[PDB]
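S.K.: Just so it is clear, I am handing over start_21.tsv, which has TSV, C-alpha atoms.
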```tsv
chain	number	residue	atom	x	y	z
A	466	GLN	CA	-15.24	-21.26	-11.99
A	467	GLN	CA	-15.64	-20.16	-8.38
A	468	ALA	CA	-13.68	-17.65	-6.31
A	469	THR	CA	-10.62	-18.83	-4.42
A	470	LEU	CA	-10.88	-18.59	-0.63
A	471	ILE	CA	-7.88	-18.48	1.70
A	472	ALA	CA	-8.33	-18.72	5.47
A	473	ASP	CA	-5.58	-17.73	7.91
A	474	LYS	CA	-6.04	-19.16	11.40
A	475	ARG	CA	-3.38	-17.02	13.10
A	476	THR	CA	-4.87	-13.66	12.12
A	477	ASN	CA	-8.48	-14.76	11.45
A	478	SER	CA	-8.29	-13.35	7.93
A	479	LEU	CA	-10.42	-14.31	4.94
A	480	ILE	CA	-8.91	-13.73	1.49
A	481	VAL	CA	-11.13	-13.95	-1.59
A	482	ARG	CA	-9.52	-13.98	-5.04
A	483	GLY	CA	-11.47	-14.05	-8.28
A	484	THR	CA	-13.31	-12.03	-10.87
A	485	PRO	CA	-14.75	-8.71	-9.66
A	486	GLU	CA	-18.27	-10.16	-9.74
A	487	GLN	CA	-17.30	-13.28	-7.77
A	488	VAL	CA	-15.58	-11.08	-5.17
A	489	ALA	CA	-18.54	-8.74	-4.63
A	490	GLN	CA	-20.69	-11.78	-3.82
A	491	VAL	CA	-18.44	-12.85	-0.95
A	492	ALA	CA	-18.11	-9.21	0.12
A	493	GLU	CA	-21.86	-8.94	0.68
A	494	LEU	CA	-21.97	-12.24	2.60
B	466	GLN	CA	12.23	-26.15	-17.18
B	467	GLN	CA	13.90	-25.28	-13.89
B	468	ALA	CA	17.57	-24.94	-13.00
B	469	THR	CA	19.51	-28.00	-11.85
B	470	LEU	CA	20.76	-27.86	-8.26
B	471	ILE	CA	23.68	-29.93	-6.97
B	472	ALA	CA	24.50	-30.01	-3.26
B	473	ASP	CA	27.82	-31.32	-1.93
B	474	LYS	CA	27.74	-32.22	1.76
B	475	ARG	CA	31.51	-32.59	2.18
B	476	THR	CA	32.40	-29.07	1.04
B	477	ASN	CA	29.03	-27.35	1.65
B	478	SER	CA	28.89	-26.28	-2.00
B	479	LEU	CA	25.80	-25.36	-4.01
B	480	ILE	CA	26.04	-25.74	-7.79
B	481	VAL	CA	23.32	-24.26	-10.01
B	482	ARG	CA	23.24	-25.20	-13.70
B	483	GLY	CA	20.79	-23.71	-16.16
B	484	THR	CA	19.99	-20.85	-18.48
B	485	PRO	CA	21.57	-17.49	-17.59
B	486	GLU	CA	18.20	-16.17	-16.43
B	487	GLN	CA	17.52	-19.20	-14.21
B	488	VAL	CA	21.00	-18.95	-12.69
B	489	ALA	CA	20.75	-15.25	-11.79
B	490	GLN	CA	17.58	-16.03	-9.83
B	491	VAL	CA	19.36	-18.48	-7.54
B	492	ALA	CA	22.35	-16.13	-7.35
B	493	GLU	CA	20.18	-13.41	-5.81
B	494	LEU	CA	18.57	-15.84	-3.34
C	593	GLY	CA	3.03	-42.71	20.58
C	594	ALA	CA	0.53	-42.78	23.46
C	595	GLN	CA	-3.01	-41.42	23.22
C	596	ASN	CA	-3.96	-38.54	25.50
C	597	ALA	CA	-7.22	-36.61	25.76
C	598	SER	CA	-5.38	-33.25	25.70
C	599	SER	CA	-3.48	-33.82	22.45
C	600	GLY	CA	-5.64	-31.40	20.49
C	601	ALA	CA	-5.50	-28.57	23.01
C	602	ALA	CA	-3.79	-25.31	22.10
C	603	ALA	CA	-2.61	-24.91	25.72
C	604	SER	CA	-2.71	-27.06	28.84
C	605	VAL	CA	-1.83	-27.26	32.51
C	606	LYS	CA	-1.94	-30.38	34.68
C	607	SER	CA	-1.17	-31.36	38.25
C	608	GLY	CA	-1.90	-34.74	39.78
C	609	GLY	CA	-0.89	-38.11	38.37
C	610	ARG	CA	-0.85	-40.03	35.12
C	611	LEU	CA	-1.64	-43.66	34.30
C	612	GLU	CA	0.42	-45.24	31.51
C	613	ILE	CA	-1.29	-48.19	29.84
C	614	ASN	CA	0.43	-50.61	27.43
C	615	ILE	CA	-1.88	-53.46	26.38
C	616	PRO	CA	-0.86	-55.52	23.33
C	617	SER	CA	-3.70	-56.44	20.99
C	618	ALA	CA	-4.13	-57.94	17.53
C	619	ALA	CA	-6.46	-55.13	16.40
C	620	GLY	CA	-3.98	-52.42	17.44
C	621	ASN	CA	-2.25	-51.98	20.76
C	622	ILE	CA	-3.98	-50.00	23.50
C	623	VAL	CA	-1.36	-47.39	24.42
C	624	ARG	CA	-3.03	-44.69	26.50
C	625	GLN	CA	-2.41	-42.03	29.11
C	626	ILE	CA	-5.05	-41.18	31.71
C	627	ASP	CA	-4.38	-38.02	33.69
C	628	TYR	CA	-5.95	-37.32	37.07
C	629	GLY	CA	-5.81	-34.45	39.51
C	630	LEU	CA	-6.46	-31.17	37.69
C	631	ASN	CA	-6.71	-30.94	33.91
C	632	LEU	CA	-7.25	-27.62	32.13
C	633	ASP	CA	-7.45	-27.59	28.33
C	634	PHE	CA	-7.87	-24.57	26.06
C	635	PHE	CA	-9.04	-24.87	22.45
C	636	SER	CA	-9.08	-22.29	19.63
C	637	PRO	CA	-8.37	-18.99	21.49
C	638	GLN	CA	-9.19	-16.18	19.05
C	639	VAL	CA	-8.92	-12.57	20.27
C	640	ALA	CA	-10.46	-9.53	18.56
C	641	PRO	CA	-8.89	-6.06	18.27
C	642	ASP	CA	-11.41	-4.84	20.86
D	347	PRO	CA	5.99	4.36	-42.14
D	348	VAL	CA	9.35	3.63	-40.54
D	349	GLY	CA	8.62	-0.05	-40.22
D	350	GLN	CA	6.48	-0.96	-37.24
D	351	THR	CA	8.07	1.53	-34.86
D	352	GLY	CA	5.19	3.90	-34.26
D	353	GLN	CA	6.80	6.55	-36.44
D	354	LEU	CA	5.42	7.95	-39.63
D	355	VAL	CA	7.31	10.04	-42.17
D	356	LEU	CA	4.71	12.18	-43.91
D	357	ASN	CA	5.73	14.49	-46.68
D	358	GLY	CA	3.58	17.11	-48.38
D	359	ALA	CA	2.98	20.80	-48.99
D	360	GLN	CA	3.02	23.01	-45.93
D	361	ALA	CA	-0.69	23.87	-46.12
D	362	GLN	CA	-1.63	20.19	-46.04
D	363	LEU	CA	1.01	19.71	-43.39
D	364	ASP	CA	-0.24	22.26	-40.87
D	365	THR	CA	-3.79	21.06	-41.41
D	366	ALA	CA	-3.13	17.35	-40.96
D	367	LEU	CA	-1.13	18.07	-37.82
D	368	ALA	CA	-4.01	20.02	-36.29
D	369	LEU	CA	-6.45	17.20	-36.96
D	370	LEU	CA	-4.09	14.55	-35.64
D	371	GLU	CA	-3.73	16.61	-32.50
D	372	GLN	CA	-7.48	16.11	-31.99
D	373	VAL	CA	-8.38	12.57	-33.02
D	374	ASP	CA	-5.23	10.81	-31.79
D	375	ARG	CA	-4.84	9.78	-28.15
D	376	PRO	CA	-3.37	6.73	-26.42
D	377	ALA	CA	-5.55	3.65	-26.19
D	378	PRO	CA	-7.40	2.79	-22.97
D	379	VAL	CA	-6.17	0.12	-20.58
D	380	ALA	CA	-7.90	-3.11	-19.65
D	381	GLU	CA	-9.04	-3.18	-16.04
D	382	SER	CA	-8.12	-6.68	-14.80
D	383	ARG	CA	-9.61	-10.17	-14.77
D	384	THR	CA	-8.77	-10.82	-11.11
D	385	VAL	CA	-9.10	-8.88	-7.85
D	386	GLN	CA	-8.40	-9.57	-4.17
D	387	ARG	CA	-10.16	-8.54	-0.98
D	388	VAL	CA	-9.03	-9.25	2.58
D	389	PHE	CA	-11.55	-9.49	5.42
D	390	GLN	CA	-10.43	-9.38	9.05
D	391	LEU	CA	-13.12	-11.37	10.83
D	392	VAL	CA	-14.06	-10.34	14.35
D	393	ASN	CA	-16.74	-12.75	15.58
D	394	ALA	CA	-16.59	-15.80	13.30
D	395	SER	CA	-13.74	-18.20	12.54
E	347	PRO	CA	22.56	-5.25	-48.34
E	348	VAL	CA	25.66	-7.15	-47.28
E	349	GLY	CA	23.72	-10.32	-46.61
E	350	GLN	CA	21.96	-10.39	-43.26
E	351	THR	CA	24.70	-8.63	-41.32
E	352	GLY	CA	23.04	-5.35	-40.42
E	353	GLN	CA	25.12	-3.52	-43.01
E	354	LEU	CA	23.82	-1.73	-46.03
E	355	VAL	CA	25.83	-0.52	-49.02
E	356	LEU	CA	23.97	2.44	-50.47
E	357	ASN	CA	25.11	4.20	-53.61
E	358	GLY	CA	23.80	7.44	-55.07
E	359	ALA	CA	24.54	11.08	-55.80
E	360	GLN	CA	25.92	13.12	-52.95
E	361	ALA	CA	22.83	15.32	-52.62
E	362	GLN	CA	20.64	12.27	-52.08
E	363	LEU	CA	23.35	10.82	-49.90
E	364	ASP	CA	23.59	13.65	-47.39
E	365	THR	CA	19.81	13.89	-47.28
E	366	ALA	CA	19.15	10.20	-46.64
E	367	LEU	CA	21.80	10.11	-43.93
E	368	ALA	CA	20.11	12.97	-42.09
E	369	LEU	CA	16.72	11.27	-42.19
E	370	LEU	CA	18.15	7.93	-41.13
E	371	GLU	CA	19.80	9.73	-38.24
E	372	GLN	CA	16.30	10.67	-37.04
E	373	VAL	CA	14.01	7.71	-37.65
E	374	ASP	CA	16.48	4.93	-36.80
E	375	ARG	CA	17.12	3.84	-33.22
E	376	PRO	CA	17.64	0.45	-31.57
E	377	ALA	CA	14.57	-1.59	-30.74
E	378	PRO	CA	13.13	-1.67	-27.21
E	379	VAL	CA	13.74	-4.58	-24.87
E	380	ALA	CA	11.15	-6.94	-23.44
E	381	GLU	CA	10.73	-6.59	-19.70
E	382	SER	CA	10.50	-10.17	-18.38
E	383	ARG	CA	7.87	-12.85	-17.84
E	384	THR	CA	9.06	-13.73	-14.33
E	385	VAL	CA	10.07	-11.78	-11.22
E	386	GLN	CA	11.10	-12.68	-7.66
E	387	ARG	CA	10.42	-11.04	-4.31
E	388	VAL	CA	11.83	-12.08	-0.94
E	389	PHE	CA	9.93	-11.36	2.28
E	390	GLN	CA	11.65	-11.68	5.65
E	391	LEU	CA	8.78	-12.50	7.98
E	392	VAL	CA	8.93	-11.19	11.54
E	393	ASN	CA	5.82	-12.39	13.38
E	394	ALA	CA	4.47	-15.30	11.32
E	395	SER	CA	6.04	-18.60	10.29
E	396	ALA	CA	7.17	-18.77	6.67
E	397	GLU	CA	6.12	-22.41	6.34
E	398	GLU	CA	2.62	-21.85	7.73
E	399	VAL	CA	2.17	-18.77	5.54
E	400	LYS	CA	3.10	-20.83	2.48
E	401	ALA	CA	0.64	-23.56	3.46
E	402	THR	CA	-2.08	-20.95	4.05
E	403	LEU	CA	-1.54	-19.37	0.63
E	404	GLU	CA	-1.61	-22.74	-1.16
E	405	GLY	CA	-4.73	-24.07	0.56
E	406	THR	CA	-2.93	-27.02	2.14
```
Represent the supplied structure as structure tokens.
M.R.:
Amino acid sequence: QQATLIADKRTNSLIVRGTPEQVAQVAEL
Amino acid sequence: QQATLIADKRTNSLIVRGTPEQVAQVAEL
Amino acid sequence: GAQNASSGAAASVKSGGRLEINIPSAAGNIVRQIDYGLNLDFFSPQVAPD
Amino acid sequence: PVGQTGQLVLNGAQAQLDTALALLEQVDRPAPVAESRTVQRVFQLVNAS
Amino acid sequence: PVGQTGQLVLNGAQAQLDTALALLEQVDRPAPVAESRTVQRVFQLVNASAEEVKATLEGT
């Protein structure tokens, strides 16, 4: 699949949820 | 499934009907 | 039910007047508000920990 | 074996007994744990939305 | 066995009998219990709105 992304507008937080490889890709972006 | 919930407006009563595990979850809420 | 240009603003302040418009139409009624005087609209106000 | 209860009734001469128990002390350790198939990271953005 | 009733009629010499009862005292204990496949937590939010937090977490 693809990693789940959750965006909070109040706190300006990005939450990525997936396999450890899919999460390291967002972490470098 | 999920527990059955019955709400009485006249008496403000909540009635939960299900398995003993499903009922203890509403009882703690 | 009326349409205003500041509906999508996070915060607002106004002082002046306001025109209320109610025109019936077959394609959808024109129901508008036009504000005059001073209009200040603020959109999307993010603040950083700095 | 005492059923499938992780117990094991073993019954032999004492020489065999104190040898098998020294080996089992060496080659017998709990299994490793799986890591996980899902992780979370939270990023507090500063400049972007 | 007395059917499937968790009873067990065992019948031998007394030497065997007082030996088997000592072993069974050691290697016989009740089974462990499963934990559960479902848990609940309740969070009393202080600064955020519980309904907006739920919509954020569900992507709606």
S.K.: Taking into account only C-alpha atoms, which residue in the set E:373, E:361, E:355, E:366 is nearest to chain D?
M.R.: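 Answer, going by the shortest atom-to-atom distance: E:373.
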S.K.: Could you list, as a PyMOL selection string, every residue of chain A that has an atom within 12 Å of an atom of chain E, counting only C-alpha atoms?
M.R.: chain A and resi 469-482
S.K.: As a list in words, please: the residues near residue A:493 (cut-off 12 Å, only C-alpha atoms, same-chain neighbours under 5 positions excluded).
M.R.: residues 486, 487 and 488 of chain A; 387 and 389 of chain D
S.K.: Rounded to one decimal place, report the atom CA of residue E:388-atom CA of residue B:490 distance in Å.
M.R.: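 One can read the atom CA of residue E:388 to atom CA of residue B:490 distance as 11.3 Å.
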S.K.: Residues of chain C within 10 Å of chain A, counting only C-alpha atoms - could you list those as a list in words?
M.R.: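 Close enough to count are residues 636, 637, 638, 639 and 640 of chain C.
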S.K.: For a test of reading the model, state the distance in Å between atom CA of residue E:381 and atom CA of residue D:353, rounded to one decimal.
M.R.: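 Between these atoms lies a distance of 21.6 Å.
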S.K.: What is the distance between atom CA of residue C:632 and atom CA of residue C:606, in Å to one decimal?
M.R.: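 These two atoms are separated by 6.5 Å.
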S.K.: Check every residue of chain D for an atom within 10 Å of chain C, counting all atoms listed in the file, and provide those that qualify as a PyMOL selection string.
M.R.: chain D and resi 390-395
S.K.: Output, as AutoDock Vina command-line options, the centre and edge lengths in Å (one decimal) of the axis-aligned box that contains all listed atoms of stretch 389-394 of chain D with 3 Å of margin on each side.
M.R.:
```
--center_x -13.6 --center_y -12.6 --center_z 10.5 --size_x 12.3 --size_y 12.4 --size_z 16.2
```
S.K.: What residues in chain E have any atom no more than 10 Å from chain D when counting all atoms listed in the file, and can you write them as a list in words?
M.R.: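 Listed by rising number, the hits are residues 369, 370, 373, 374, 375, 377 and 378 of chain E.
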